[PDB]
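>>> from the sequence below, what's the structure:
(8 chains, ligands or ions: 10)
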Amino acid sequence: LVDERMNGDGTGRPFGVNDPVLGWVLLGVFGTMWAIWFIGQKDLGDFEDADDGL
Amino acid sequence: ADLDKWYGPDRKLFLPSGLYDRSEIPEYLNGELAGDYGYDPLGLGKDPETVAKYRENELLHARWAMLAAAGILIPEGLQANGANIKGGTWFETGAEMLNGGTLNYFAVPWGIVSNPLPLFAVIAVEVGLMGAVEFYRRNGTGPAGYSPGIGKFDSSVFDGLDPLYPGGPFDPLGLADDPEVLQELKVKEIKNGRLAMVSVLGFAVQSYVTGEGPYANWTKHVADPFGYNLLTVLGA
Amino acid sequence: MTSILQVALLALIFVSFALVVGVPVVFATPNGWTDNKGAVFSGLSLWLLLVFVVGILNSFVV
Amino acid sequence: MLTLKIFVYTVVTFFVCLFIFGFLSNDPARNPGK
Amino acid sequence: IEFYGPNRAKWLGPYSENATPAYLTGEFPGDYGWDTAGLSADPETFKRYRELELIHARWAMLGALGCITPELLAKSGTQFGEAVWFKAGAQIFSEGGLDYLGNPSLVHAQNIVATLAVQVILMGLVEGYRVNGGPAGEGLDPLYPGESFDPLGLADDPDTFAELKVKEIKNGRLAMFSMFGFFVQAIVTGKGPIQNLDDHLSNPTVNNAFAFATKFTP
Amino acid sequence: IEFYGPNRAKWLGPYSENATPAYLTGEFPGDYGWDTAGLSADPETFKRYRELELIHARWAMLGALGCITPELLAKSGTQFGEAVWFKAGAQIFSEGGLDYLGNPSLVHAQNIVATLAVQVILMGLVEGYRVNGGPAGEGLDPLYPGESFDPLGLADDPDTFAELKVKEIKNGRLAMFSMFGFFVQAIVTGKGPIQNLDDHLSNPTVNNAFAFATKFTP
Amino acid sequence: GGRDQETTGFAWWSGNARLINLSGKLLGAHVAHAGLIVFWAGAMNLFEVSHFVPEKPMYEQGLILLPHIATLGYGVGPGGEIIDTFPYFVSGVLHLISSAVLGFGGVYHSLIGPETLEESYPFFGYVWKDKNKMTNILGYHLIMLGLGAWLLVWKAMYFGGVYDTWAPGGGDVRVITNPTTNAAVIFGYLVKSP
Amino acid sequence: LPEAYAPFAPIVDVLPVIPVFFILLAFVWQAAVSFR
Ligand code: CHL
Ligand code: CHL
Ligand code: CLA
Ligand code: CLA
Ligand code: CLA
Ligand code: CLA
Ligand SMILES: CCCCCCCCCCCCCCCC(=O)OC[C@H](COP(=O)(O)OC[C@@H](O)CO)OC(=O)CCCCCCCCCCCCCCC
Ligand SMILES: CC(=C/C=C/C(C)=C/C=C/C=C(C)/C=C/C=C(\C)C=C=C1C(C)(C)C[C@H](O)C[C@@]1(C)O)/C=C/[C@@]12O[C@]1(C)C[C@@H](O)CC2(C)C
Ligand SMILES: CC1=C[C@H](O)CC(C)(C)[C@H]1/C=C/C(C)=C/C=C/C(C)=C/C=C/C=C(C)/C=C/C=C(C)/C=C/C1=C(C)C[C@H](O)CC1(C)C
Ligand SMILES: CC1=C[C@H](O)CC(C)(C)[C@H]1/C=C/C(C)=C/C=C/C(C)=C/C=C/C=C(C)/C=C/C=C(C)/C=C/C1=C(C)C[C@H](O)CC1(C)C
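Numbering: from 1, shown residues only, chains lettered A, B, ... in the order given. Ligands and ions are numbered 1, 2, ... in the order given. What follows is the structure:
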């Protein structure tokens, strides 16, 4: 062609993902945030039936 | 729980207790029987003496109706899928043995098994064997032997107590020996019986109106649920 | 057969009028379930019989 | 443009994951309470 | 020939070999003393191996008779299609169903995962019931229940019941030894066992074992 | 504690004899009671089987993840020669040696007998050190040491480390069963396992396993 | 007491909130409401049947419910013609009758029936704290919705057919033979950009 | 209307307005106690 462009309009791809390089970033952020949260689970309230509602 | 839901005062009736008053029950029923829903809107059994023969008639009709509901379909259920058995329409099954009929087998076992036609030594054999069995159910001790199950007919019969539930040589495994398990199987027997009873009319009125195969009513109605109703058959 | 439909349909509509008028009154009266109980039973039974009769007769209407 | 696109997805998914794992992290007890 | 006590029929025989593996002197059916690898010195292990041998014998009788039957039916009078008991497992994919006894009037089944899903649930429930009871007679004997399992009652006399134990395990170990022969001449000749027997009744030794013995030269 | 004690989660639920085998009730992680063969009636035998099972588990995790990872990376965006763990070993012979990560500027390894020699030396070192205790840790516990190769220090509390024991064993048993699955799939289909997953997700009813059911016909 | 202002603390314009601790009356409210929904679904359908003209296109008449039955494909032919009205009449009359049963059940629970089912019925009773019981009721609702979806699947696969609009020579009712159930295709639409 | 149900065409055309009157019925029912 004349120029260079991604051509991502009208494709219909999941999460707008084109490269697998683009795809790994979702899990690479989600898993690390989940891991930080799962470490931070130590200083929270875990319980048998001590439920927070009426 | 097991006996409590189906006996006693607070058993399950045929209507909810918001439609009842829990005191308007006909007082001659009062539990102590399997299959007791407090159901008598007319009062055709108002004496407790009538209830005994009504129990007997109920149990006999149930035990015949189960075998009727099985055998009314199972050969037809083989033939409509393609068996070699002579015609499975139950209302015409009698007029096939008329002067030269045969049959087949493989209910549980294997084998295509024909029959050298015994019909005139079948009518009187039915009459004679039922004339044995029915008077035996009345009072008769009968012969003793030929080894079914356990016991193998030791002497003759019980000393009594069994107008409906003999169970001596009739348990080849000793099925009901605990009384609560016996009562559970009583409730299951009377329920399966009454459903077979209503099913017999369910076959019979279809044979009146439609005049088609009752097992074929499956393969017509489940295939086409708006091509086979009352509204497609009555109007025609 | 058309009149056989229509008389049953007018009867069904009038039974439904009887239900909508009386059955809330019988329910909301504080002893109405004790007093008018078999009347409600017979009314519901008659309503069901009229519905099934109209449904069967619509097959015979050609 | 792809160098920009990885960065935009990184920032967006970082803030959305911070949101979700914030609200899973014992929200209705950080009130004045009773 | 008593098969119990100190005078059970040793497997060797005339070389009866007194001073056996000395942790057994009869008292359980099948005991001859043949423990040469030495694996069951402990009593609990020995109980587990009685259990495992008994259950494998009682499965191996059915596994042998289910290979005896259909080729004899193909000899005498029936129709099967895939009559050989190896390819009989592939009768779901065969044409249009699985004709049990070759009659397309009964079951005529497809949907192999549906058949397997029925099989796994039923076998799991009946094996859990074999472990610890529930219905059908409470768990009373881990190997020899008999209560609901005697519709005839051959367990009446104790000496005859011990004789039936010994006949049971004698007639079990034979089936267990035969099934390994089924599995070996499965791979070696590929063909039916009654096919091999109908070859070997006619042919004494010209097709015996050794023509089918030059296979694994790489 | 639910995970071990007299009321652990047994290997059949309610159908677990309503009783354990009579020699193990808790006191060790991963105890469900499934010794039905009774192979570990003696306590030193049982200790040897734990000391073997834990090491097979800890190798089976790495053997899982190192099999999965190249069919992710090469099929996503990189080049590995061949990424399937059949032909992962044959990358030395292929064209110029084994380019690690497909890059002929890092390792670019050749000389397979030299790599074998380095493997034999270093694994002899670490498998002697695991038994006796050498550098970077004295031999004190053959299975759960808790020293300089546990830097983050999570085994300080007794109860949380007792739970993490059971987590390690459960993941270990799963990893072993999965690796057995990898090996049997490797025998049967001859394809990569993530390739098998992508082939199964396209048509689950016909590419199930039963298409590959007439391969080993005699 | 029950229907009071100064004890319940709720005004007349917040009257439904007096049913938060009343399971039987709450059930009667819901079943009466379902009766209203089925009654509207019958009444507007029979209204459009009474005003329907078949020679004229269906969108030129201002009808909304009859196309929902014509899309399933009762009483239609090729090209979108209308051959019958009796399926539409049946679909009206069945709702118009079933609404009476649901209205009777709703009025019975909301007037005579017991307020708290947790006393004499340990199946139907429920406390808003009881998490296992709430998950039970949610499971029953999900099973009923699953059978509701399989009714549509069976109507497509076996019973008559569904009016496709992509058949050649104009739209036509056809029978689906191979429903494409590829997970990588069907879970595309849930993720595609809006 | 398709058939002999044709003379009910007046009372068909009263049906869909009927569900709206339940709101007014509830307002009149709560005005019957003079809003208390
Ligand atoms: C005194 C003579 C006498 C002899 C020699 C035997 C022999 C045997 N008895 Mg015994 N018995 C004898 C007396 C009696 N037995 C019995 C009743 C029984 C029973 C019920 C049983 C035995 C069994 C045994 C076996 C025990 C060891 C074994 O398992 O061998 C197996 C190992 C070998 C035979 C060695 C293998 C050599 C073989 C020829 C090699 C084949 C060469 C191939 C060409 C090479 C293959 C190449 C590769 C690539 C495949 C052995 C064959 C047991 C048995 O049947 O085990 C199988 C058994 O269950 N006996 C009675 C009745 C009371 C006896 C009374 O006289
Ligand atoms: C009460 C119902 C219940 C049933 C039926 C089972 C069933 C089973 N659980 Mg169990 N569980 C159950 C409750 C529970 N389990 C567990 C947690 C566990 C664990 C952690 C484990 C089990 C395991 C087992 C197995 C134990 C026996 C065995 O090894 O199989 C042996 C029998 C078979 C394998 C037969 C399978 C039949 C199948 C149709 C064979 C296929 C035939 C092929 C065609 C053959 C191929 C031919 C050849 C030529 C290639 C068994 C399959 C063990 C297991 O599954 O390991 C693998 C195991 O590790 N369960 C919990 C949580 C506390 C339960 C709670 O209710
Ligand atoms: C889902 C709503 C619902 C729920 C939870 C209940 C629950 C209850 N009802 Mg009830 N009822 C309902 C709807 C409901 N009803 C409807 C619609 C009607 C009108 C017919 C009634 C009429 C009614 C009466 C007249 C009485 C009760 C009573 C009772 C209570 C105890 C007895 C009982 O259940 O037997 C009732 C059993 C039945 C009505 C049998 C139902 C018939 C089959 C199972 C229906 C199958 C249809 C199936 C689910 C498909 C759905 C149809 C459609 C939506 C697709 C119990 C709390 C009694 C009570 O208050 O005692 C204290 C009582 O006297 N009910
Ligand atoms: C290297 C294999 C190995 C070994 C030695 C052990 C060792 C042990 N396991 Mg164990 N286990 C393993 C793998 C192994 N496990 C796997 C893969 C699983 C998952 C299915 C389990 C699941 C498991 C449970 C659920 C339980 C045990 C228990 C036990 C202990 C007592 C049972 C015993 O004596 O086992 C002796 C085992 C062997 C000598 C292994 C023999 C290996 C040969 C090759 C035969 C195996 C063939 C195989 C069955 C064929 C199918 C393979 C396929 C199913 C994978 C013992 C420490 C019990 C316990 O208390 O845990 C500590 C217990 O309840 N195991
Ligand atoms: C469709 C919506 C709807 C529904 C289902 C309900 C239902 C209910 N409300 Mg309610 N409400 C509504 C809208 C609704 N309301 C609106 C819009 C308002 C604001 C004005 C209120 C304001 C309000 C207040 C202030 C209170 C309620 C209360 C109640 C409950 C008891 C009613 C009572 O005493 O019955 C008895 C009813 C009567 C004596 C009047 C007779 C009514 C009859 C039954 C009408 C039936 C007609 C129909 C054609 C019958 C068909 C029968 C069939 C067989 C054909 C009841 C469950 C009360 C409560 O909490 O209960 C303790 C309460 O205090 N509501
Ligand atoms: C669909 C589900 C639903 C349900 C079950 C409820 C249930 C409830 N809401 Mg609620 N609500 C909903 C949707 C819902 N709401 C929506 C969508 C809104 C946003 C508008 C609200 C806004 C809302 C407020 C602001 C409040 C509630 C309150 C309440 C509680 C008592 C209601 C009561 O008795 O009022 C009785 C009903 C009336 C007085 C009806 C008045 C009629 C309205 C104002 C206009 C009707 C317009 C109508 C379509 C016009 C038709 C044409 C006309 C010419 C006839 C009750 C738990 C109140 C409460 O105390 O909660 C604890 C409260 O303060 N809700
Ligand atoms: C096209 C298909 C689209 C699919 C979209 C999928 C969306 C997934 C949404 C997941 C929501 C999870 C909800 C929170 C779940 C939650 O509540 O966490 C908490 C839960 C454990 O809770 P507990 O604290 O009770 O654990 C028990 C003990 O800790 C009690 O002390 O952890 C999980 O179960 C995670 C489940 C898998 C979650 C996904 C795996 C996460 C790791 C994968 C990342 C890999 C890292 C790679 C590094 C490069
Ligand atoms: C409904 C039904 C009833 C059967 C009743 C029978 C069998 C009565 C036998 C009835 C048999 C009877 C009474 C036997 C009688 C034997 C007699 C008198 C002989 C004898 C002796 C002597 C000489 C040794 C002397 C001794 O001292 C006494 C005595 C008595 O021992 C069967 C139905 C089905 O069989 C069909 C019709 C078709 C199948 O497909 C389906 C099923 C269901 C199987
Ligand atoms: C004693 C001793 C002692 C010393 O010390 C040491 C030693 C020597 C080591 C020892 C010995 C041992 C031995 C001999 C063993 C063997 C075993 C076996 C062979 C088993 C089998 C076993 C076998 C078996 C069970 C089998 C089974 C089978 C079966 C079920 C079958 C099934 C089937 C059939 C129906 C047919 C179809 O077509 C298919 C199928 C489905 C497949
Ligand atoms: C318990 C019990 C009890 C009773 O009583 C009895 C019985 C039954 C006997 C028992 C059981 C048992 C069992 C089950 C077992 C199993 C095991 C296993 C399978 C293991 C694995 C195991 C497995 C394993 C380790 C694995 C490992 C692996 C590995 C390293 C790998 C490696 C690799 C990789 C990375 C990749 C590359 O490229 C190459 C290679 C080199 C290839």
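>>> what is the strand or helix carrying residue B:208 packed up against?
In this structure, residue B:208 sits in helix B:179-209 according to DSSP states H and E. In terms of contacts (3 or more C-beta pairs under 8 Å, 6 or more residues apart in numbering or on different chains; DSSP states H and E), helix B:179-209 is packed against helix B:48-71. Just so you know, the C-beta spots here come from the backbone N, C-alpha and C atoms, and that holds for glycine as well.
>>> what about the residue of chain H found nearest ligand 6, neighbour count?
Among the residues of chain H, residue H:23 lies nearest to ligand 6; the distance is 5.6 Å by C-beta to the nearest ligand atom. For residue H:23, the neighbour count with other C-beta atoms under 10 Å in any protein chain shown is 9.
>>> next to chain C, which bits of chain G? Give me the list.
By C-beta under 8 Å from any C-beta of the partner chain, the residues of chain G that approach chain C are G:97, G:100, G:104, G:107-108, G:111-112.
>>> quick one: which two of the residues you listed are the most distant?
G:97 and G:112 (23.1 Å; C-beta to C-beta).
>>> before we move on, back to that, got the buried residues for the helix holding residue B:208?
B:183-184, B:186-187, B:189-190, B:193-194, B:196-197, B:199-200, B:203, B:207 (16 or more other C-beta atoms under 10 Å in any protein chain shown).
>>> between those, which is nearest residue G:40?
residue B:199 (39.0 Å).
>>> is stretch G:115-122 in proximity to ligand 5?
No. Using C-beta under 6 Å from any ligand atom, stretch G:115-122 stays clear of ligand 5, coming no nearer than 7.9 Å.
>>> end-to-end on that stretch?
14 Å (C-alpha to C-alpha, to the nearest Å).
>>> which residues does that stretch contact?
Residues from elsewhere that reach stretch G:115-122, judged by C-beta atoms under 8 Å, 6 or more residues apart in numbering or on different chains: G:2, G:21-25, G:27, G:114, G:124-127.
>>> which non-adjacent residue is nearest whichever residue of chain A sits closest to ligand 3?
In chain A, the residue that lies nearest ligand 3 is residue A:54 (22.8 Å; C-beta to the nearest ligand atom). Nearest non-adjacent residue to residue A:54, counting by C-beta to C-beta, 6 or more residues apart in numbering or on different chains: residue G:128, 6.7 Å away.
>>> and the one you found, backbone torsions?
Taking degrees, to the nearest 10, you get phi -70, psi -20 for the backbone angles of residue G:128.
>>> endpoints of stretch G:153-166, how far apart?
19 Å.
>>> just stretch B:145-165 next, same as before
Stretch B:145-165 end-to-end distance (C-alpha to C-alpha) = 20 Å.
>>> buried ones in that stretch?
Applying 16+ other C-beta under 10 Å to stretch B:145-165 flags B:150, B:153, B:157 as buried.
>>> how close does the residue of chain H closest to ligand 6 get to residue G:36?
10 Å (C-beta to C-beta, to the nearest Å).
>>> could I get the buried residue list for the host helix or strand of residue C:43?
In the assignment (DSSP H and E), residue C:43 maps to helix C:38-60. For helix C:38-60, the neighbour count (16+ other C-beta under 10 Å) marks C:40, C:43-44, C:47, C:50-51, C:53-54, C:57-58 as buried.
>>> over to residue B:100. Which of the three states is it?
At residue B:100, secondary structure determined by DSSP: H, G, I helix; E, B strand; the rest coil is coil.
>>> spatially nearest residue to it (excluding sequence neighbours)?
residue B:117 (6.4 Å).
>>> burial of that neighbour, as a residue count?
By other C-beta under 10 Å, 14 other residues sit near residue B:117.
>>> for it, list the residues it contacts.
Applying C-beta under 8 Å, 6+ apart, we find residue B:117 in contact with B:97, B:100-102.
>>> just name the closest of these to ligand 1, please.
residue B:102 (51.6 Å).
>>> check contacts around that closest one.
With C-beta under 8 Å, 6+ apart, residue B:102 has these contacts: B:86, B:114-115, B:117.
>>> how near is residue E:142 to residue B:73?
42 Å.
>>> no no, residue C:49
32 Å.
>>> residue E:43 too?
57 Å.
>>> can you check residue B:60 too?
Here the criterion is C-beta to C-beta. By it, residue B:60 lies 22 Å from residue B:73.
>>> can you name the residue of chain E nearest to ligand 8?
For chain E, C-beta to the nearest ligand atom, closest residue to ligand 8: residue E:106, 15.4 Å.
>>> and the residue nearest to residue B:100, which of the three is it?
What three-state DSSP gives for residue B:117 is coil.
>>> for residue B:48, which non-adjacent residue is spatially closest?
Residue B:48 sits nearest to residue B:28 (C-beta to C-beta, 6+ apart), 5.4 Å away.
>>> check contacts around that neighbour.
B:45-48, B:51.
>>> I'm done for today, thanks for sticking with me.
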